[PDB]
Structure formats: C-alpha cells, structure tokens
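One structure is given here, and the rest of the page talks about it.
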Amino acid sequence: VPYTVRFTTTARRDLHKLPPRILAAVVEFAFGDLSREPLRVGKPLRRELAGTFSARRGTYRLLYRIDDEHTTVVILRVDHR
Amino acid sequence: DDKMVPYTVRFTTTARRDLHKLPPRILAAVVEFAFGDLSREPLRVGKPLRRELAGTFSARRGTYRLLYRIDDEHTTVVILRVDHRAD
Amino acid sequence: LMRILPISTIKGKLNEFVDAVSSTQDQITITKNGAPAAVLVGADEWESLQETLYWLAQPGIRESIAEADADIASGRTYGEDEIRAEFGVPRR
Amino acid sequence: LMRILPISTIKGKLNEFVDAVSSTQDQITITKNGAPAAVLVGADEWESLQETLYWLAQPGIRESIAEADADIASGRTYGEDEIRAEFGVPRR
Ligand SMILES: [Cl-]
C-alpha cells in the first residue's frame with residue numbers, strides 16, 4: 001500500500017536549511033501521510049511544471065514526483081516560510 | 001478606472017534591453033502602444049497580476065505584452081518588461 | 001475574499017453569484033457535503049491569473065523585476081523623447 | 001475541454017456542470033449578455049493552479065528541478081532510515 005519515499009541530494013540540501021522543528025515536521029509528513037496518499041496530500045502542477053506535484057503544509061511545501069510503476073515518491077525541493 | 005489625463009510612460013533599463021530583442025516592426029508597434037493607448041488608459045488596457053507579482057500589470061496586444069507599474073500620485077507608468085511570443 | 005458555499009445555496013441563484021464574482025476579485029468554492037467541488041471566479045480575475053502565469057513562465061522573472069525596481073529607484077529610466085530617438089520611431 | 005457557455009445553458013444542470021469540472025481539468029467560461037462574466041473550474045484544478053503559481057515564482061526553480069532530475073537518474077536519493085539517522089529524527 002504505502003509508497004517508498006526518497007529525498008534527492010538536492011532536496012536533502014534544502015532540509016539542512018530548515019529550523020529543527022520544521023525539519024522534524026517535514027520528515028514525519030514525508031514518511032507518514034505523504035507515503036500513504038501522495039495524490040491526496042498534494043496536487044499535480046501545470047504548464048512547464050507538468051509531471052511534478054506540490055504538497056502544501058502549514059509552514060512548508062514539498063515538490064515531488066510520483067512513480068506509480070515503482071510505487072515511489074521522490075522529493076525534489078523543500079521550501080519553508 | 002478611467003484616468004483623467006494621460007500618464008507619463010517611462011521604460012526601465014530592463015525594458016529597454018527587451019525592446020532591443022524585437023524586430024523593427026514590432027519594436028515600433030510596442031513604442032506606439034506604450035506612448036499612446038497605454039499612456040491614455042493604463043488601467044483599461046491591462047490586467048493586475050496576482051500573488052508574487054501583485055503590484056504589476058500586464059497589457060497584451062496581439063503577440064506582445066508589456067509588464068508595468070502605475071504610479072497615480074505622479075501620473076506615471078513605468079514599463080518593467082516587454083515580451084513577444086509569436087505563438 | 002474566498003467564500004465556501006454549498007451547491008444547494010447556488011442553485012436557482014446563479015445570476016446573482018456570477019454577478020458577485022464578475023465585478024470583484026472574490027472567489028466562491030462550491031461544496032458537495034462540505035467537500036469542495038468547484039471554484040467560481042470573475043472572468044477578469046481569471047484573466048489576471050492567466051497573465052500572472054504567462055509572466056511566471058519567464059525564467060528569472062522576479063530577479064528581472066528587482067532589477068527594474070532598482071532602475072526606478074536609481075533613475076535608470078527612459079522617457080518618450082529618448083526612446084523614440086534611440087529606436088528611430090518618431091511621433092505620428 | 002474549454003467550453004464557453006451561456007448562463008441559461010448552465011441553469012438547471014448545475015449539479016452536472018459542477019460534477020464535470022470537479023473530476024477534470026475542464027473549464028467553463030460563463031457568459032452573460034454574450035460577454036464572459038465568470039469562470040468555473042474544479043476545486044482540485046484551482047489548487048493545482050495556485051501551487052503552480054507559487055512554484056514558478058521561486059528563485060532557481062527550473063535549475064532545482066533539473067538538478068533533482070539528474071539525482072534521480074543517477075540514484076542520488078536517500079530513504080527513511082538514512083534521513084532519520086542523518087537529521088536525528090528517530091521513529092516511534
Ligand atoms: Cl512554502
């Protein structure tokens with residue numbers, strides 16, 4: 001059922017810039033709700049971003065791809081307010 | 001939304017560099033639009049943009065667009081960018 | 001202003017809700033059973049969103065706006081006489 | 001689909017038009033006196049658009065995506081155990 005969630009090296013660099021509470025919140029979401037229902041917690045993006053998805057949370061957003069064939073979600077970028 | 005008087009239109013350096021990218025007919029059309037219709041009705045010819053571009057306006061004629069700001073107190077419009085896309 | 005309204009509220013009253021959004025920046029999210037189904041906005045507001053997307057498709061758009069904004073604050077702007085002279089576009 | 005429709009065509013089929021945009025990327029421009037007055041889109045579609053607007057406005061967005069795409073193609077990615085251990089966020 002749950003997808004395998006992975007962070008790119010690029011997104012990992014983003015994680016290092018987060019305050020520790022936001023860092024922990026991102027990790028719990030990424031390996032929790034995101035892993036369970038990536039099509040529900042995020043939305044597919046449009047125009048030149050077609051093929052990527054954004055999940056908006058309270059203080060941060062994750063940009064990701066979903067590979068259904070390999071039941072994987074891959075995080076491209078983490079942004080924080 | 002009508003303006004009583006034509007606004008003074010100015011181009012930034014950024015917009016001027018954009019003008020240089022245009023072939024002469026389009027370049028001349030943009031100039032005549034900026035100093036004519038856009039000057040006379042800066043609100044009616046464009047739309048305000050949203051979110052991170054809030055505060056700017058976009059006016060389109062055919063395949064070109066101008067991105068601009070309106071300064072009511074100084075009856076001035078300042079063009080930030082010009083873009084042309086044949087489709 | 002985003003309002004969230006059940007579809008039962010919109011039915012038979014669509015003239016009034018279209019009038020309420022066409023003239024403003026307001027949005028209405030229409031729900032089925034507390035579940036958002038559709039969003040209604042004014043035609044002008046939709047065009048504002050489409051033009052915002054057009055400009056955001058330009059790589060480096062906010063950086064070029066910062067540069068133009070610095071131009072304005074620094075007096076690196078050009079008026080009609082100078083622009084018509086440089087580009088050889090005389091009046092009339 | 002990108003339909004332009006009079007309000008008279010919408011009235012009485014509101015349920016169906018809302019159901020239609022809800023499940024798709026379809027948009028309806030609703031006209032009043034022959035002039036566009038409002039636009040209807042799915043709630044999910046409206047969210048997709050808002051998030052596209054957000055992301056296109058971020059600095060180095062396209063370069064970010066290209067670098068993250070190159071990581072994906074080389075297997076430069078990290079899973080739960082590695083991330084939890086590097087950042088000190090244990091499970092349980
Ligand atoms: Cl964010």
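Here's how to read the names in the structure tokens: chain A, B, ... by the order shown, residue numbers from 1 in each chain, ligand numbers from 1 in the order shown.
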
Excluding stretch 6-9 of chain D and residues on its chain fewer than 3 positions from it, collect all residues at most 7 Å away from it, counting only C-alpha atoms, and give them as a list in words.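 The residues that qualify are residues 30, 31 and 32 of chain D.
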
Any idea which chain D residues end up within 10 Å of chain A if we count only C-alpha atoms, as number ranges by chain please? D: 44-56, 58, 61-62, 64-72, 75-84, 87-91

Got a sec to pull out which chain B residues are within 12 Å of chain D, counting only C-alpha atoms, and send them as a ChimeraX atom specification? /B:49-54

Using only C-alpha atoms, determine which residues of chain C fall within 7 Å of chain D; present them as a list in words.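 The complete set of qualifying residues is residues 11, 12, 18, 21, 22, 36, 37, 38, 39, 40, 41, 42, 43, 46, 53, 56, 57 and 62 of chain C.
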
Superimpose chain D on chain C so that the squared distances between all in-order C-alpha pairs are minimised, and send the result as a JSON list (two decimals) with C-alpha atoms, in the first residue's frame.
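out00.json was written with the following content:
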[["chain", "number", "residue", "atom", "x", "y", "z"],
["D", 1, "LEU", "CA", -13.31, 36.35, 0.60],
["D", 2, "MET", "CA", -13.04, 32.54, 0.12],
["D", 3, "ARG", "CA", -16.50, 30.98, 0.53],
["D", 4, "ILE", "CA", -17.41, 27.28, 0.29],
["D", 5, "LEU", "CA", -21.04, 26.93, -0.67],
["D", 6, "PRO", "CA", -23.56, 24.26, -1.63],
["D", 7, "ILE", "CA", -25.01, 24.44, -5.12],
["D", 8, "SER", "CA", -28.50, 24.92, -3.54],
["D", 9, "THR", "CA", -27.31, 28.21, -2.05],
["D", 10, "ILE", "CA", -26.12, 29.36, -5.51],
["D", 11, "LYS", "CA", -29.23, 28.36, -7.52],
["D", 12, "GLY", "CA", -31.62, 31.29, -8.05],
["D", 13, "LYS", "CA", -29.02, 33.87, -6.96],
["D", 14, "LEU", "CA", -26.72, 33.13, -9.93],
["D", 15, "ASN", "CA", -26.76, 36.74, -11.10],
["D", 16, "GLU", "CA", -25.66, 37.94, -7.67],
["D", 17, "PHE", "CA", -22.86, 35.41, -7.14],
["D", 18, "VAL", "CA", -21.50, 36.10, -10.66],
["D", 19, "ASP", "CA", -21.70, 39.89, -10.02],
["D", 20, "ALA", "CA", -19.82, 39.38, -6.71],
["D", 21, "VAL", "CA", -16.77, 37.48, -8.02],
["D", 22, "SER", "CA", -16.73, 39.65, -11.15],
["D", 23, "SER", "CA", -15.91, 42.83, -9.30],
["D", 24, "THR", "CA", -13.47, 41.29, -6.78],
["D", 25, "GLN", "CA", -10.83, 38.70, -5.95],
["D", 26, "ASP", "CA", -13.46, 36.54, -4.16],
["D", 27, "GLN", "CA", -13.72, 32.81, -4.91],
["D", 28, "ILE", "CA", -16.52, 30.38, -4.39],
["D", 29, "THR", "CA", -15.92, 26.67, -4.09],
["D", 30, "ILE", "CA", -19.18, 25.07, -5.06],
["D", 31, "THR", "CA", -19.93, 21.74, -3.37],
["D", 32, "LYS", "CA", -22.09, 18.88, -4.60],
["D", 33, "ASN", "CA", -22.94, 16.07, -2.13],
["D", 34, "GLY", "CA", -20.75, 17.93, 0.43],
["D", 35, "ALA", "CA", -17.65, 17.50, -1.82],
["D", 36, "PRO", "CA", -15.96, 20.45, -3.66],
["D", 37, "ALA", "CA", -16.91, 20.18, -7.34],
["D", 38, "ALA", "CA", -16.15, 23.51, -9.03],
["D", 39, "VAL", "CA", -14.73, 26.91, -8.34],
["D", 40, "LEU", "CA", -16.12, 30.25, -9.50],
["D", 41, "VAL", "CA", -13.91, 33.37, -9.82],
["D", 42, "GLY", "CA", -14.09, 36.74, -11.64],
["D", 43, "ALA", "CA", -13.05, 36.82, -15.28],
["D", 44, "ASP", "CA", -10.50, 39.56, -14.44],
["D", 45, "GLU", "CA", -9.30, 37.43, -11.51],
["D", 46, "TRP", "CA", -8.86, 34.44, -13.86],
["D", 47, "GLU", "CA", -6.75, 36.64, -16.21],
["D", 48, "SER", "CA", -4.64, 37.93, -13.24],
["D", 49, "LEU", "CA", -3.92, 34.33, -12.28],
["D", 50, "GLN", "CA", -3.03, 33.22, -15.86],
["D", 51, "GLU", "CA", -0.62, 36.16, -16.21],
["D", 52, "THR", "CA", 0.91, 35.49, -12.78],
["D", 53, "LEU", "CA", 1.53, 31.89, -13.88],
["D", 54, "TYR", "CA", 3.15, 33.11, -17.08],
["D", 55, "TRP", "CA", 5.49, 35.64, -15.44],
["D", 56, "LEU", "CA", 6.63, 33.45, -12.51],
["D", 57, "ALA", "CA", 7.82, 30.88, -15.11],
["D", 58, "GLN", "CA", 10.20, 33.32, -16.88],
["D", 59, "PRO", "CA", 13.99, 33.05, -16.34],
["D", 60, "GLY", "CA", 15.51, 35.66, -14.01],
["D", 61, "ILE", "CA", 12.04, 37.18, -13.37],
["D", 62, "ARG", "CA", 12.70, 38.25, -9.76],
["D", 63, "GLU", "CA", 16.19, 39.64, -10.62],
["D", 64, "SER", "CA", 14.61, 41.53, -13.56],
["D", 65, "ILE", "CA", 12.06, 43.14, -11.27],
["D", 66, "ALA", "CA", 14.65, 44.06, -8.66],
["D", 67, "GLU", "CA", 16.87, 45.67, -11.36],
["D", 68, "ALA", "CA", 13.89, 47.52, -12.87],
["D", 69, "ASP", "CA", 12.87, 48.64, -9.36],
["D", 70, "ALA", "CA", 16.42, 50.01, -8.78],
["D", 71, "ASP", "CA", 16.14, 51.92, -12.11],
["D", 72, "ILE", "CA", 12.89, 53.40, -10.94],
["D", 73, "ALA", "CA", 14.46, 54.53, -7.63],
["D", 74, "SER", "CA", 17.42, 56.16, -9.46],
["D", 75, "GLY", "CA", 15.36, 57.76, -12.28],
["D", 76, "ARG", "CA", 16.96, 55.45, -14.94],
["D", 77, "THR", "CA", 13.88, 55.58, -17.21],
["D", 78, "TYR", "CA", 13.14, 56.89, -20.71],
["D", 79, "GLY", "CA", 10.01, 58.52, -22.16],
["D", 80, "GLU", "CA", 8.30, 58.58, -25.56],
["D", 81, "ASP", "CA", 10.53, 61.04, -27.44],
["D", 82, "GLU", "CA", 13.72, 59.36, -26.33],
["D", 83, "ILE", "CA", 12.51, 55.84, -27.09],
["D", 84, "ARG", "CA", 11.04, 56.81, -30.51],
["D", 85, "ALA", "CA", 14.28, 58.52, -31.47],
["D", 86, "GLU", "CA", 16.63, 55.77, -30.24],
["D", 87, "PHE", "CA", 14.70, 52.96, -31.94],
["D", 88, "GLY", "CA", 13.66, 54.86, -35.11],
["D", 89, "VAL", "CA", 9.85, 54.69, -34.63],
["D", 90, "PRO", "CA", 8.60, 58.24, -35.35],
["D", 91, "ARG", "CA", 5.08, 59.40, -34.55],
["D", 92, "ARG", "CA", 2.42, 60.60, -37.06]]

Distance of atom CA of residue A:71 from atom CA of residue A:14, expressed in Å to one decimal place: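 Straight-line distance from atom CA of residue A:14 to atom CA of residue A:71 works out to 23.7 Å.
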
Please report, as a PyMOL selection string, each residue of chain D to which DSSP assigns alpha helix (DSSP H) when run on this structure's backbone. chain D and resi 7-10+14-22+43-56+61-74+80-87

Dump of N, CA and C atoms for the selected residues, as a short mmCIF file (atom, residue, chain, number, x, y, z; two decimals), in the first residue's frame:
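The file below, result00.cif, is the result:
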data_model
loop_
_atom_site.label_atom_id
_atom_site.label_comp_id
_atom_site.auth_asym_id
_atom_site.auth_seq_id
_atom_site.Cartn_x
_atom_site.Cartn_y
_atom_site.Cartn_z
N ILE D 7 -25.24 31.38 -19.42
CA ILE D 7 -25.74 31.05 -18.11
C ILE D 7 -27.03 30.22 -18.19
N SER D 8 -27.87 30.49 -19.21
CA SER D 8 -29.09 29.70 -19.47
C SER D 8 -28.82 28.22 -19.71
N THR D 9 -27.69 27.90 -20.33
CA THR D 9 -27.32 26.51 -20.53
C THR D 9 -26.92 25.87 -19.21
N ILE D 10 -26.31 26.65 -18.30
CA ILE D 10 -25.89 26.11 -17.00
C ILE D 10 -27.07 25.86 -16.05
N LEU D 14 -26.83 22.49 -12.88
CA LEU D 14 -25.72 22.97 -12.08
C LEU D 14 -24.94 21.80 -11.50
N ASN D 15 -25.68 20.81 -10.99
CA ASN D 15 -25.06 19.62 -10.42
C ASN D 15 -24.09 19.03 -11.42
N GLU D 16 -24.53 18.92 -12.69
CA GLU D 16 -23.79 18.16 -13.69
C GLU D 16 -22.55 18.93 -14.10
N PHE D 17 -22.69 20.23 -14.29
CA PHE D 17 -21.53 21.07 -14.67
C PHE D 17 -20.47 21.11 -13.56
N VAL D 18 -20.93 21.22 -12.30
CA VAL D 18 -20.03 21.15 -11.15
C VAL D 18 -19.33 19.77 -11.06
N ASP D 19 -20.10 18.69 -11.22
CA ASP D 19 -19.51 17.34 -11.24
C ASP D 19 -18.44 17.23 -12.32
N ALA D 20 -18.70 17.81 -13.50
CA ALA D 20 -17.80 17.71 -14.66
C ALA D 20 -16.43 18.39 -14.44
N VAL D 21 -16.42 19.64 -13.98
CA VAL D 21 -15.15 20.30 -13.75
C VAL D 21 -14.42 19.72 -12.51
N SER D 22 -15.19 19.21 -11.57
CA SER D 22 -14.67 18.65 -10.35
C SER D 22 -13.70 17.51 -10.59
N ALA D 43 -12.29 22.28 -7.98
CA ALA D 43 -11.53 22.68 -6.80
C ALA D 43 -10.08 22.18 -6.81
N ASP D 44 -9.87 20.93 -7.22
CA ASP D 44 -8.53 20.37 -7.35
C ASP D 44 -7.75 21.15 -8.42
N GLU D 45 -8.41 21.42 -9.55
CA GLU D 45 -7.78 22.24 -10.60
C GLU D 45 -7.35 23.65 -10.09
N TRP D 46 -8.19 24.26 -9.26
CA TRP D 46 -7.89 25.56 -8.70
C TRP D 46 -6.63 25.47 -7.80
N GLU D 47 -6.56 24.44 -6.97
CA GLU D 47 -5.37 24.16 -6.15
C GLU D 47 -4.09 23.94 -7.01
N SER D 48 -4.19 23.07 -8.02
CA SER D 48 -3.09 22.87 -8.99
C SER D 48 -2.55 24.18 -9.55
N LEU D 49 -3.46 25.04 -9.99
CA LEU D 49 -3.08 26.36 -10.47
C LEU D 49 -2.39 27.25 -9.40
N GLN D 50 -2.99 27.37 -8.22
CA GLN D 50 -2.37 28.12 -7.12
C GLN D 50 -0.96 27.61 -6.79
N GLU D 51 -0.76 26.28 -6.76
CA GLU D 51 0.56 25.76 -6.46
C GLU D 51 1.53 25.96 -7.64
N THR D 52 1.03 25.92 -8.87
CA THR D 52 1.90 26.20 -10.00
C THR D 52 2.41 27.65 -9.93
N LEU D 53 1.49 28.56 -9.64
CA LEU D 53 1.84 29.98 -9.43
C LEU D 53 2.89 30.13 -8.35
N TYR D 54 2.69 29.47 -7.21
CA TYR D 54 3.69 29.54 -6.17
C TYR D 54 5.09 29.10 -6.67
N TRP D 55 5.14 27.89 -7.21
CA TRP D 55 6.45 27.28 -7.53
C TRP D 55 7.21 28.00 -8.63
N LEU D 56 6.47 28.46 -9.66
CA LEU D 56 7.12 29.20 -10.77
C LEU D 56 7.78 30.51 -10.32
N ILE D 61 14.07 27.87 -9.55
CA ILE D 61 13.15 26.71 -9.61
C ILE D 61 13.49 25.72 -10.73
N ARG D 62 13.72 26.20 -11.96
CA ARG D 62 13.96 25.26 -13.07
C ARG D 62 15.30 24.49 -12.93
N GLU D 63 16.32 25.21 -12.47
CA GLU D 63 17.66 24.68 -12.16
C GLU D 63 17.61 23.65 -11.04
N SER D 64 16.81 23.92 -9.99
CA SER D 64 16.50 22.98 -8.92
C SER D 64 15.95 21.67 -9.46
N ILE D 65 14.95 21.78 -10.32
CA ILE D 65 14.27 20.61 -10.86
C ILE D 65 15.20 19.80 -11.77
N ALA D 66 16.00 20.49 -12.56
CA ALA D 66 16.96 19.82 -13.42
C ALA D 66 18.03 19.09 -12.59
N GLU D 67 18.50 19.69 -11.51
CA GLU D 67 19.47 19.06 -10.61
C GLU D 67 18.86 17.86 -9.87
N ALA D 68 17.64 18.03 -9.39
CA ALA D 68 16.91 16.92 -8.74
C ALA D 68 16.60 15.78 -9.74
N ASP D 69 16.28 16.14 -10.98
CA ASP D 69 16.08 15.14 -12.02
C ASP D 69 17.38 14.37 -12.36
N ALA D 70 18.52 15.06 -12.38
CA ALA D 70 19.82 14.38 -12.54
C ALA D 70 20.16 13.46 -11.37
N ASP D 71 19.80 13.86 -10.13
CA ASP D 71 19.94 12.95 -8.97
C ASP D 71 19.11 11.70 -9.18
N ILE D 72 17.86 11.88 -9.61
CA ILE D 72 17.01 10.74 -9.80
C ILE D 72 17.66 9.77 -10.80
N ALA D 73 18.17 10.30 -11.90
CA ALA D 73 18.73 9.46 -12.98
C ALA D 73 20.03 8.75 -12.57
N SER D 74 20.74 9.29 -11.56
CA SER D 74 21.97 8.68 -11.06
C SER D 74 21.76 7.85 -9.78
N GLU D 80 14.04 6.64 4.20
CA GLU D 80 13.66 6.96 5.57
C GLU D 80 14.75 6.73 6.62
N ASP D 81 15.35 5.54 6.62
CA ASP D 81 16.34 5.25 7.69
C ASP D 81 17.53 6.18 7.60
N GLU D 82 18.03 6.43 6.39
CA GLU D 82 19.14 7.32 6.22
C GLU D 82 18.84 8.75 6.64
N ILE D 83 17.66 9.25 6.24
CA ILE D 83 17.30 10.62 6.54
C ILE D 83 17.07 10.77 8.05
N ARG D 84 16.34 9.84 8.67
CA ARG D 84 16.08 9.90 10.11
C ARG D 84 17.38 9.86 10.90
N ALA D 85 18.30 9.01 10.49
CA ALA D 85 19.60 8.97 11.18
C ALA D 85 20.47 10.19 10.91
N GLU D 86 20.52 10.71 9.69
CA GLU D 86 21.36 11.90 9.49
C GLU D 86 20.84 13.15 10.23
N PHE D 87 19.51 13.30 10.30
CA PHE D 87 18.96 14.53 10.85
C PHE D 87 18.50 14.40 12.29
#

For residue B:21, find every residue with an atom within 9 Å (counting only C-alpha atoms), except residues of its own chain fewer than 4 positions away, and show them as a PDB file with N, CA, C and O atoms, in the first residue's frame.
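Printed below is part16.pdb as written:
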ATOM      1  N   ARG B  17      16.314  46.933 -22.690  1.00  0.00           N
ATOM      2  CA  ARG B  17      17.012  45.750 -23.198  1.00  0.00           C
ATOM      3  C   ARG B  17      16.079  44.798 -23.924  1.00  0.00           C
ATOM      4  O   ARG B  17      16.451  44.236 -24.971  1.00  0.00           O
ATOM      5  N   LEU B  27       8.938  46.384 -32.638  1.00  0.00           N
ATOM      6  CA  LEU B  27       9.554  47.364 -31.788  1.00  0.00           C
ATOM      7  C   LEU B  27       8.784  48.699 -31.926  1.00  0.00           C
ATOM      8  O   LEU B  27       8.368  49.282 -30.911  1.00  0.00           O
ATOM      9  N   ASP B  83       7.638  41.568 -23.767  1.00  0.00           N
ATOM     10  CA  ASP B  83       7.855  40.216 -24.281  1.00  0.00           C
ATOM     11  C   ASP B  83       7.009  40.005 -25.550  1.00  0.00           C
ATOM     12  O   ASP B  83       5.853  40.500 -25.636  1.00  0.00           O
ATOM     13  N   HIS B  84       7.570  39.261 -26.486  1.00  0.00           N
ATOM     14  CA  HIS B  84       6.880  38.933 -27.724  1.00  0.00           C
ATOM     15  C   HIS B  84       6.982  37.444 -27.943  1.00  0.00           C
ATOM     16  O   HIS B  84       8.082  36.891 -27.885  1.00  0.00           O
TER      17      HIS B  84
END

Applying 12 Å and only C-alpha atoms, which residues near residue B:41 remain after dropping the ones on its own chain fewer than 6 positions away? List them as a tab-separated table (two decimals) with C-alpha atoms, in the first residue's frame.
chain	number	residue	atom	x	y	z
B	1	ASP	CA	-10.72	53.10	-13.59
B	2	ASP	CA	-10.62	55.84	-16.23
B	3	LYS	CA	-7.70	58.18	-15.93
B	4	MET	CA	-8.42	61.90	-16.38
B	5	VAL	CA	-5.14	62.64	-18.06
B	6	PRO	CA	-2.58	60.55	-19.97
B	7	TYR	CA	0.16	59.17	-17.72
B	8	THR	CA	3.82	59.82	-18.45
B	9	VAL	CA	5.31	56.49	-19.64
B	33	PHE	CA	1.30	51.40	-27.90
B	34	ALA	CA	3.38	52.46	-24.81
B	35	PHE	CA	3.16	56.15	-25.66
B	47	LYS	CA	-4.89	43.39	-16.02
B	59	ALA	CA	-1.14	44.58	-21.17
B	70	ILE	CA	1.22	52.56	-12.21
B	75	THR	CA	0.67	60.24	-13.08
B	76	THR	CA	3.38	57.90	-14.33
B	77	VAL	CA	3.57	54.38	-15.78

From the DSSP assignment of the backbone, select every residue of chain B that is strand (DSSP E), and format the answer as a PyMOL selection string. chain B and resi 8-12+46-48+57-61+64-71+76-84
